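Starting off, we have a lone chain in the form deposited in one PDB entry, written out as structure tokens.
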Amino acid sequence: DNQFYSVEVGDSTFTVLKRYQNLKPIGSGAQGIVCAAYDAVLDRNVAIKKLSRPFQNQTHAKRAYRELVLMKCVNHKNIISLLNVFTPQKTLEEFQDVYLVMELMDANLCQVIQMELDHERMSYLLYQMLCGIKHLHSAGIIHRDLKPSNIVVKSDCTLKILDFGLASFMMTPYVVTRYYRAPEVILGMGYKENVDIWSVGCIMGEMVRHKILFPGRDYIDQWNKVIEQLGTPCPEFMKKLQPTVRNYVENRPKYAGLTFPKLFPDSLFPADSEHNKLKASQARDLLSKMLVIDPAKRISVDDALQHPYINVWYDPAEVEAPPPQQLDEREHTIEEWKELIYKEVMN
């Protein structure tokens, strides 16, 4: 009595439990391919993500295992919830693919970016974003890899962050995105919680300009786009850079960097009225507090959530609450990773 059936979607095959019906493509990325589907058991729509051979490389396998262990433990209204996990393969020897069933959303942030939002929507999206980051932080997790493709939303303006971020060489088709990586994390500097504020900043700025703030072919080219617009960091900051780095950085063409009002003119914001003009200045202020090269001066999540522009949706229940009560860290080989993932999936 088999409980699986296969269907073609995109240029790949999905083999799932019969409960999942009428699958339909909805995008793809690095971690894998995703589908939309109706779940007859729960009588609702779900998102089904297929991880093909997650154990193929160390990093890829650590990501899968981690996301899998944390997706069952944490449970915040802004973190994507895992509904079910399964593999069609029935023995460790044959074990190949893993399927994650999650709540279905209507679009990722890349799409939202392509459009304009009113101050009310934009601030709400940002509120939920920072709120999710605060929950992760209080659980000892610091993302460090927040980007628009990792965030999804629904029509009712609800938002959820997908993966849990970062914890070897790679040549796979997976892009080398790093446009959203904080400066300190780039120049090998150490980092802290507020390292995520920089990403939110890049994302917020991108939702306003509708363009990647810092387009960089390579981590070297990116640093330029950063300095050009934001200007060169203060000497003190440099004193904090490693010799090998402070050298390259301090010998890099200096820059004044365009002011914030210029970087985010009133034309990118609704200037309908005084209320909107006032809201546009408060957004600009928030951006100038998050897009700070030197983290020492960059605002924190708790402060960002109190910012006038965001404060509007504050709620002491969704912010200050008791976070969740197996955390690996040892490197393993492909084979060990495959059994670890398999045992996890099989429980």
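So that the term is clear: the rigid core is the largest set of C-alpha atoms that superpose within 1.5 Å between two forms. For every residue, the number given is its place in the sequence shown, counted from 1.
Not on display, but discussed next: the form deposited with a partner chain bound.
Judged by heavy atoms and a 4.5 Å cut-off, are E250, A256 and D285 together in contact with the partner chain in the deposited complex?
-> No, the candidate spot makes no contact with the partner chain.
May I ask you to check whether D266 falls inside a 4.5 Å heavy atom distance of the partner chain in the deposited complex?
-> Answer no; every heavy atom of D266 is more than 4.5 Å from the partner chain in the deposited complex.
Find out whether any non-hydrogen atom of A40 is located within 4.5 angstroms of the partner chain in the deposited complex, and reply yes or no.
-> Looking in the deposited complex, residue contacts with the partner chain do not include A40, since no heavy atom lies within 4.5 Å.
Taking 4.5 angstroms as the cut-off for heavy atoms, does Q111 touch the partner chain in the deposited complex?
-> Within the cut-off, so yes.
Decide whether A30 counts as a contact residue for the partner chain in the deposited complex under a heavy atom distance cut-off of 4.5 Å.
-> Close contact is absent here: in the deposited complex, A30 is far from the partner chain, nothing within 4.5 Å, heavy atoms only.
Within 4.5 Å of the partner chain in the deposited complex, heavy atoms considered, which of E228, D106, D221, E236?
-> Exactly one listed residue reaches within 4.5 Å, namely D106.
Of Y124, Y191, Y99, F260, which residue is found within 4.5 angstroms of the partner chain in the deposited complex when only non-hydrogen atoms are counted?
-> It is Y124.
The partner chain isn't shown here, but in the deposited complex, which of 287-295, 44-52, 59-67, 308-316 has heavy atoms within 4.5 Å of it?
-> Among the candidates, contact is made by 308-316.
Quick one: with the rigid core lined up, which of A47, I299, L287, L305 moves its CA 2 Å or more between this form and the one not shown?
-> Among the listed residues, the one whose C-alpha moves by 2 Å or more is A47.
After fitting the rigid core, is the C-alpha of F86 off by 2 Å or more between this form and the one not shown?
-> For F86, whose C-alpha is compared between this form and the one not shown after core superposition, the shift is 2 Å or more.
Look at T259 and decide if its Cα position differs by 2 Å or more between this form and the one not shown after superposing on the rigid core.
-> Result for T259: no, shift under 2 Å.
After fitting the core, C234 CA displacement of 2 Å or more between this form and the one not shown | For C234, whose C-alpha is compared between this form and the one not shown after core superposition, the shift is less than 2 Å.
Out of closer and farther, which fits the Cα atoms of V9 and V112 in the deposited complex compared with this form, where the change is 3 Å or more?
-> Relative to this form, farther apart in the deposited complex.
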